[PDB]
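Let's start with one chain on its own, the form deposited in one PDB entry, as structure tokens.
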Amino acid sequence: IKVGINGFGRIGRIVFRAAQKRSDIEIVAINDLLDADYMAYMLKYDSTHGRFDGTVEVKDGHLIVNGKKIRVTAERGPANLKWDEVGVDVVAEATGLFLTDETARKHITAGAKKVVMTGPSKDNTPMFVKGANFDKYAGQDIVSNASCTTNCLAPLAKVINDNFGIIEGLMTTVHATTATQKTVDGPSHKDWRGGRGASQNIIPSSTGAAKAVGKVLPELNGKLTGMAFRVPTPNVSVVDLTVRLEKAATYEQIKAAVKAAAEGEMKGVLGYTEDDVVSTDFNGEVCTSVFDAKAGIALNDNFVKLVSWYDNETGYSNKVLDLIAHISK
């Protein structure tokens, strides 16, 4: 019910905005390498999600949003974050630098009770994706909500595998531009393609989302692998999943299966549309996976190609809040 945010990046700020529209969660503390008046500016104005729908003021180095006061730190050593001072139960860790158990444990060292990582773990801290494996949470004090792309692929793949059985799958995501790319051709020694100008290029990139699903859904372990293309669009991405099915199924049977999940057990997580949509039509979508019925194709009853959209910022942020609420129940 009381959360602290570490890191005010794209993910951190959208997590903050989505928390305002909720009754179960109240953010009380924020940490980043930036001043308070600057954070008030970055929260007030956004090129992708418009102006902030509320009040923001700076009073004595602290933020006041909708009348509630937020404590603003800046220390880069998580041990001295004094989480117990304002007394936070869960910490949403969005630096992208402490995706390890050793580093993340500095937070509950500082007086929090649990830690949720807004990225895929690099050790073997457990991962959880809503609709995929929230059932199997076992009370751990540090968790991960996987990647933007894994939150879109896993719910769809569970529905397809449980109805028809997946023998093998290859996926490709047409991914929107992120903060790790460059405006003009620049240096990037880990990924040479990634340093090229994002505004002018289709940039192939590797991704771990397809094999990451094998851990949140052990049934498809080693049955999927994937690849990405980064394109000059500010937001919203799309997944293209090519799979072989054990049990034969027409395309209408697949539509009906997905449609039933989106209106049934996976309402709010999985979405369904039969309209002539484009990427902008999902700017601000909350579901982490919207099936596009009309864009998929089927060669035969056992070889099919499914496409599904996701807002790589909005839907992911909303689901880490659902993960925070789920681990405090």
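Residue indices: 1-based, along the sequence shown.
Another form exists, deposited with a small molecule bound; not displayed. Remarks below refer to it.
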Checking 87, 197, 222, 96 against the small molecule in the deposited bound form, the residue with a non-hydrogen atom inside 4.5 angstroms turns out to be 96
Exactly one of 162, 168, 75, 123 comes within 4.5 Å of the small molecule in the deposited bound form through a heavy atom, and that residue is 75
* residue 179: heavy atom within 4.5 Å of the small molecule in the deposited bound form? -> yes
**Item:** Interface membership of residue 16, the small molecule in the deposited bound form, 4.5 Å heavy atom rule
**Value:** no
Residue contact check: residue 11 to the small molecule in the deposited bound form, 4.5 Å heavy atom:
yes
*residue 299, heavy atom within 4.5 angstroms of the small molecule in the deposited bound form*: no
TL;DR on 54-62, 262-270, 27-35, 281-289: the one with heavy atoms within 4.5 Å of the small molecule in the deposited bound form is 27-35
With the distance limit set at 4.5 angstroms and only heavy atoms considered, check whether 128, 133 and 322 all reach the small molecule in the deposited bound form. no
